[PDB]
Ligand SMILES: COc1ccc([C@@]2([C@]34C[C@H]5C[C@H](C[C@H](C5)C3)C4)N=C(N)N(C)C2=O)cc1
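Take a look at this single chain, the form solved without the ligand, given in structure tokens.
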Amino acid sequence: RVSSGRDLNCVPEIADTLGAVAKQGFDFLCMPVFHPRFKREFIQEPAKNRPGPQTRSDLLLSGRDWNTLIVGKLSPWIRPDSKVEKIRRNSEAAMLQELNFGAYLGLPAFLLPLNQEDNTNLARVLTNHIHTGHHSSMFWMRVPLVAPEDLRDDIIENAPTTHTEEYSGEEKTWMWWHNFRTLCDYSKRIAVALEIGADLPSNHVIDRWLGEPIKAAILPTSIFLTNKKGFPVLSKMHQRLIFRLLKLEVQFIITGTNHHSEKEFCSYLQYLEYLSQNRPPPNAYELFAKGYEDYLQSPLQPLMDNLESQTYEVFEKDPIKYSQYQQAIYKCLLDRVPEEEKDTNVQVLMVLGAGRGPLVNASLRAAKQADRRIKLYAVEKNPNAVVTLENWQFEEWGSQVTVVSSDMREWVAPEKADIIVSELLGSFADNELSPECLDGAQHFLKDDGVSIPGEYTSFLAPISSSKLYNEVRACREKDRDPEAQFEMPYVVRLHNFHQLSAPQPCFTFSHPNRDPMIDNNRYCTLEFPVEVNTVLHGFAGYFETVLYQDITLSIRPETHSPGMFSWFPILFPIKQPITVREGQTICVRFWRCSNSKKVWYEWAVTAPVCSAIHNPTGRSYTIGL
């Protein structure tokens, strides 16, 4: 199921055209709202007095059709950045006219070209139009992977084409887009319509568009090959790009005339459909989180807040996660109770943060398969979940499990535990204050007691994503710091982004913490070798944890626990994007700060340039103790 559109520059009649387009299998049509060659004068007589009508009548389509089927196209003669003043004036007036007519029709999107380096005036006119009434209409900037000048035939004898590699030069079109949208102050209504050429550029040029708001891919019919049967197809390299683009769920646009005249025109579209049908999405985890892609979420604070019923449900819908706990407990019971003591040695297990009881059951299943005896405590401070635990305890668990409705830091245990099990970790590992909770519960762990998890570590990686930068930016609220949205982390299924360096460890914690001088504050410096030209918008966070020995949990991509759904990555944004060149190093600083009330993070970028310190004194974000 591919959403595709047909691009035309010639429409003798809208009704007939739209019908032929729909019958061929297209979802929408890109067409001009004024005739492409109908140049119009606005200042000098007598041409400015040309009698109307200036274009077609809106009555030729229903309101619903204009809203859903038509994509307007700026007339190609409109050149706001022409070096001739007269042409700039006329183009400005014509641009507003055509744009306003598009808004008049309620068109869902409008196509404007980025076919040169200087589009300053073009951006000004567009920006002016955007700030003339609040509308949801989109603007698709048509920009090619490879500038036409950089793909022209080498047929000019006295002006040969370049044959030496110009790394940055081959990325020029991205700079066209970057400057245009920066001039437009990152307007959420301005997206990319990436046009694919017959010959693809280097991978770095293509990767440049990672994280950009690509809404459409344009495929000219002239890039398609021809198989034995005579149908249009694509090279394996182009197929590789189409597959990457399907992961972004862009809308594909077919432009150009039919060059495979032996076959009908839906042939090009059929190939897209065919390619769409031929791909593989990892079981569940890509099923699972397809709806949560780039969706910002507030990180849980299960300590300061009491989690809702369906939030625990989400925790429990991950069997791989808890079977890892079961195995971790299993291995530990055998290591602590020799075979000859399997009937006399009863181990005291304590779930610290039992929720609705998935760890409790995992502990029971662990003792069975290990053929050992355990005495269970189910500690949980969220009283609403203690309702679930105690109904479980009366109906099933029985006297073997003791539910304790208390905070693990204040609970006065009647005895000491052989094994404490906890699931107090967040996307950034310690961002829910698992160190502080386990520290306060440490007194009722035996001198040889084991803590599961035994240790965890958080990882950071610089990412580029103008899309996510805009979503964070859009999170301004009425009665707080206008920039507070940049000084707090978000749990998000990072999708449309580009990871600029390999993740590196940030903060690590061990339990039990035998050290006499426990200090959970942290200060870490990281240097990320970046081998590409990009723009830094934030840092992605992951975590790894050791439940016991070799049994582990991880959302770090290179060591991701296969099949585990729980825990999306966390995102630490930065107020201002930072340009980074190839070979430069990104130096980031992170602090874990705390007082008696709150714990929080502070971060700053020191290379290649200095950012402001983010979330100083937890002014914008703190974690409740």
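Position 1 is the first residue in the sequence shown; the rest follow in order. Think of the rigid core as the biggest set of C-alphas that the two forms share within 1.5 Å after superposition.
The mean Cα B-factor in the deposited entry runs higher for 342-350 than for the other of 99-107 and 342-350.
For the segment pair 249-257 and 461-469, the entry gives 249-257 the higher mean B-factor, averaged over Cα atoms. Comparing C-alpha B-factors across 591, 38, 66, 26 in the deposited entry, the largest value falls on 26. Taking the PDB entry at face value, the top CA B factor among 365, 381, 522, 356 belongs to 365. Annotation for residue 609: CA B-factor lies in the middle third of the chain's modelled residues. Among the modelled residues of its chain, residue 564 has a C-alpha B-factor that falls in the highest third according to the deposited record. When the CA B factors of the chain's modelled residues are split into thirds, the value for residue 55 lands in the middle one. For residue 333, the recorded CA B-factor ranks within the highest third of the chain. Only modelled residues enter the ranking. Annotation for residue 8: C-alpha temperature factor in the middle third relative to the rest of the modelled chain, per the entry.
The next section is about a form of this same protein that is not shown, the form solved in complex with the ligand.
Although the chain is displayed without it, the ligand can be placed by superposition from its pose in the entry with it bound; doing so yields three or more atoms within 2.4 Å of backbone or C-beta atoms, and the site is blocked.
555 is the sole member of 555, 112, 403, 99 with a non-hydrogen atom within 4.5 Å of the ligand in the entry with it bound. Among the residues 377, 507, 268, 486, the one placing a heavy atom within 4.5 Å of the ligand in the entry with it bound is 507. Contact annotation: the ligand lies within 4.5 Å of heavy atoms from the stretch 425-433 in the entry with it bound, the single such stretch among 177-185, 190-198, 464-472, 425-433. The shortest heavy atom separation between residue 458 and the ligand in the entry with it bound is within 4.5 Å. Interface residue remark: residue 570 is counted as part of the site for the ligand in the entry with it bound, having a heavy atom within 4.5 Å. Within 4.5 Å of some heavy atom of the ligand in the entry with it bound lies at least one heavy atom of residue 542.
A residue is said to contact a partner when one of its heavy atoms sits within 4.5 Å of a partner heavy atom; residue 590 meets this definition for the ligand in the entry with it bound.
Core-superposed comparison between this form and the one not shown: among 211, 426, 353, 453, the single residue whose C-alpha moves by 2 Å or more is 426.
Relative to the superposed rigid core, the position of the CA of residue 76 differs between this form and the one not shown by less than 2 Å. After superposing the rigid core, the Cα of residue 116 is displaced by less than 2 Å between this form and the one not shown. After superposition on the rigid core, the Cα atom of residue 343 is displaced by less than 2 Å between this form and the one not shown. In the entry with it bound, the Cα-Cα separation between residue 410 and residue 511 grows by 3 Å or more relative to the displayed conformation. Relative to this conformation, a decrease of 3 Å or more in the Cα-Cα distance between residue 429 and residue 423 is found in the entry with it bound.
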